[PDB]
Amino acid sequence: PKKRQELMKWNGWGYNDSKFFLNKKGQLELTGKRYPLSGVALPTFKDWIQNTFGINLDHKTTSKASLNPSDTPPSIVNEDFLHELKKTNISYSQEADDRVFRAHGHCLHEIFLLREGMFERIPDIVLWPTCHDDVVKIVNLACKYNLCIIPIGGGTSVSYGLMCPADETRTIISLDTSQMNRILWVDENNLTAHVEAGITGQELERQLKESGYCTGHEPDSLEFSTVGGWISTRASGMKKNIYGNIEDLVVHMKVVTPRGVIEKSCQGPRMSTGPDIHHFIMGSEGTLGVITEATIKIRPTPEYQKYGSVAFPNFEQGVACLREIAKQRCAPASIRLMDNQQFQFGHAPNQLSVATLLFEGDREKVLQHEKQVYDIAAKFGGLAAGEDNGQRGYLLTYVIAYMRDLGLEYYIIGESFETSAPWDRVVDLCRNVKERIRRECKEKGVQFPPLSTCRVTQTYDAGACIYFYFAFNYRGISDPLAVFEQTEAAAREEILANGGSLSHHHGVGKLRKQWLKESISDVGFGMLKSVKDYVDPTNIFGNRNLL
């Protein structure tokens, strides 16, 4: 649907039919029938929240139920442009609902603003191209009328990637790709799919599975995030150990820029023809052009899958076990190491951690793989905690972002963030980042100590991906968004000073801009600028992400 508010929340994650509410029995439960925890009462959840954040659940916050249309800036757009746009039959909207839906990602700041304030700037017009040639016309129009374009796909960005710069005086088009969503074809001999960039991941897998195929790329946002999004942000997913990350999955792509269309002439698997121009575009975050089409690898649907789980004496032993697993290059499809606090949350001794596992592929090969991993983990005090437990521990994957909305209903601001680091920095980085979060919250006037946990979510030869989760009761803090912002940016500084990356997969957008030049060196930065100024000399792709 073009009117996204029809099915999806204008002011939070996901579908209108799916939210946490207090049932007849006074227990927490997700509305709808969409997820395997939809309609499943969670008896202890309420107490966990009381005791963790120190609240009743007496006073719900009150927030906007709809856009307030008196607060939405006016849609400024040229008539001659509009006149030419009319002739193309490219569908468009100047309605405030449509324009506000596409002015934001799913960063905390943005969500909180939707519920309480309004945006400084939002697009002036929304266009829904349906194919590559529409995107060619739009881009040509935008050159002709000095327009600005900000592509959006899923709108799942967590980096201020879609945010309209406040002092951008030109007409901002939101170039929405949701209608450019066909599987053009499956190539069964080469095992690739030629797709349009607006297809969502849920819809990509659904279609391919009708022919017996999958991509196996499974970011947590896959119900809404798109092929073009993934390429633009260097997305990563849960089973990258078998299937690869987006840089491993993309065989070919087509891109529209002000200068013309970028495309390689060949679809061969690996080349040496200079600096790989695919990597000039991957991670380009809407700044260079529109990714219209991509060829992506596919695989037969896996024959078998099996969950598993392991208890360790403590986090540090789990990390050493994960390190050993990587060293033997025998990481399962997924492996996550959860700290004690998260093990406690999942339980509804104070040191133990739990790893969850998912094996998939051939039945025989899964079972061998499984014996290998358990035998490794034995040597770090790790004990098999059961197959159904491991499954239980992937049940929350697609409901977590609905928990964040639940918390905003009761004065709790929460957010996750992430990094990758060398294996020899992981232990220190986890400890010191968590401590910097608490120290900052104490020092900013926060009553209870925050929820501050961590988890190891991917292993690599050279290190691991680490997720942090941060939440706090903000009730009667003066400026509760400045405190979040300040603490998040402090957590980021800490990450960098402990040998962490600026981002493993969320990207940079405008949220992490300030650290990029240091991350990639001044010359690196200047090389990015040179490609921008050649490809987009008047800054038509004006989201101002990155540089």
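Here the rigid core means the biggest group of C-alpha atoms that line up within 1.5 Å when the two forms are laid on top of each other. From 1 onward, residues are counted along the sequence shown.
**Q** After fitting on the rigid core, pick out whichever of 392-400 or 179-187 shows the bigger RMS C-alpha deviation in 6 other deposited structures of this protein.
**A** After the core superposition, the stretch with higher RMS deviation in 6 other deposited structures of this protein is 392-400.
**Q** In 6 other deposited structures of this protein, superposed on the rigid core, which stretch sits farther off in Cα RMS terms, 92-100 or 362-370?
**A** The stretch that sits farther from the shown form in 6 other deposited structures of this protein is 362-370.
**Q** Out of the other entries of this protein with residues modelled on both sides, is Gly499 skipped in at least a third?
**A** No; none of the other entries leave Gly499 out.
**Q** Establish whether the other compared PDB entries of this protein leave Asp339 unmodelled at least a third of the time.
**A** Per the records, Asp339 is modelled in all the other entries.
**Q** I want to verify a possible break: how many residues of the deposited sequence sit between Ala348 and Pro349 without any coordinates (none, 1 to 3, 4 to 9, 10 or more)?
**A** According to the record, 10 or more deposited residues lack coordinates from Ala348 to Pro349.
**Q** Mean C-alpha B-factor higher for 204-212, or for 82-90?
**A** Comparing 204-212 with 82-90, the higher mean C-alpha B-factor belongs to 82-90.
**Q** Looking at the deposited entry, does 120-128 or 439-447 carry the larger mean Cα B-factor?
**A** The stretch with the larger mean CA B-factor is 439-447.
**Q** Between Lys240, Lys137, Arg299, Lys379, which one tops the list for Cα B-factor in this entry?
**A** Checking the PDB record, the top C-alpha B-factor among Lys240, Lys137, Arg299, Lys379 is at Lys379.
**Q** Using the temperature factors in the entry, find which of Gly286, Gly386, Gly105, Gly244 has the highest value at its Cα atom.
**A** Each of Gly286, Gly386, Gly105, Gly244 was compared by C-alpha B-factor; the highest is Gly386.
**Q** Classify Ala65 as lowest, middle or highest third according to the C-alpha B-factor given in the PDB entry, relative to its own chain.
**A** Middle third, going by the recorded CA B-factors of the chain.
**Q** Should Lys306 be placed in the lowest, middle or highest third of its chain by the C-alpha B factor in the entry?
**A** Its C-alpha B-factor belongs to the middle third of this chain's values.
**Q** Ranking every modelled residue in this chain by its Cα temperature factor as given in the entry, which third contains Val399?
**A** Its C-alpha B-factor, which the entry lists for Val399, ranks in the middle third among residues of this chain.
**Q** C-alpha B factor of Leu358, ranked within the chain: lowest, middle or highest third?
**A** Lowest third of the chain for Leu358's C-alpha B-factor.
**Q** When the modelled residues of the chain are sorted by Cα temperature factor, does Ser519 land in the lowest, middle or highest third?
**A** Answer is middle: the recorded C-alpha B-factor places it there.
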